[PDB]
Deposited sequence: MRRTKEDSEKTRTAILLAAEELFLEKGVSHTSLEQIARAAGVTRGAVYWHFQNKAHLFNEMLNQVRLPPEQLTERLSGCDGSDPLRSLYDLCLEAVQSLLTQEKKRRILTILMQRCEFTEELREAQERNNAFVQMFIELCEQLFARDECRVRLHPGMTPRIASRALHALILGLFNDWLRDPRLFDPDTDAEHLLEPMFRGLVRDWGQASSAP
């Protein structure tokens, strides 16, 4: 079904534009259908519900679990830094990601209607946090942490920072330059977590 994947992408593209332009809650599957040049039934047929549609949209720009773990498993703690650095820098280099994350963080309310999308988002964040926790917990890495600083806290402090940077920059792109400022924005967190940084 090639004919089928073509209508899927046409819908996601339309929905991306509309969600962005006017918010998820004010966007209906009926308006998406109409903008995609497609029947309301086709949208429902393909995506089942709005929450699921939004998911599928986010997946277009989430890293798969296997790829994360591969990169993190040479100093691991540098790999994590590099991953975080690239994450922040990609805000500029990938428009599609910038558009979709702007929807996620600026154009959408997590009411009952979007519960499925919230749960799967939590799950993905929980995964990243769990992998970092594990990384910091490894004997080779853990000895490098400052006194009283645990893997649990390290992973959460780090994630909050990345999240906050995304959130700040997407609310207001004037705050910094993801390209040239990413290294300096991340520096202090890594310097504060690890001794010999």
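Several segments of the deposited sequence have no coordinates for C-alpha: 1-4, 78-81, 206-212, numbered from the first residue.
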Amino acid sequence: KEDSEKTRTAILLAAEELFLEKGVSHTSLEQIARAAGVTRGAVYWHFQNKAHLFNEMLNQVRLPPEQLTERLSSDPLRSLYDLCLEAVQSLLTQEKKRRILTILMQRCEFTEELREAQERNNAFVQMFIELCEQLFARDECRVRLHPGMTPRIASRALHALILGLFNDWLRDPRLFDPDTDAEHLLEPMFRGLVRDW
From here on, numbers count along this sequence of modelled residues.
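Per the PDB record, of the two stretches 148-156 and 62-70, 62-70 carries the greater mean B-factor over its C-alpha atoms. Between 112-120 and 99-107, it is 112-120 that carries the larger average Cα temperature factor according to the deposited entry. In this structure the maximum Cα B-factor among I129, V143, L165, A33 is found at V143. When all modelled residues of the chain are sorted by CA temperature factor, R40 is found within the middle third. In the deposited entry, the Cα temperature factor of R138 sits in the top third of values across the chain's modelled residues. Residue-level temperature factors show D179 in the middle third of its chain, judged at the C-alpha atom.
Sort the modelled residues of the chain by CA B factor and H52 lands in the middle third. Remark: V125 belongs to the middle third of its chain, ranked by C-alpha B-factor as recorded.
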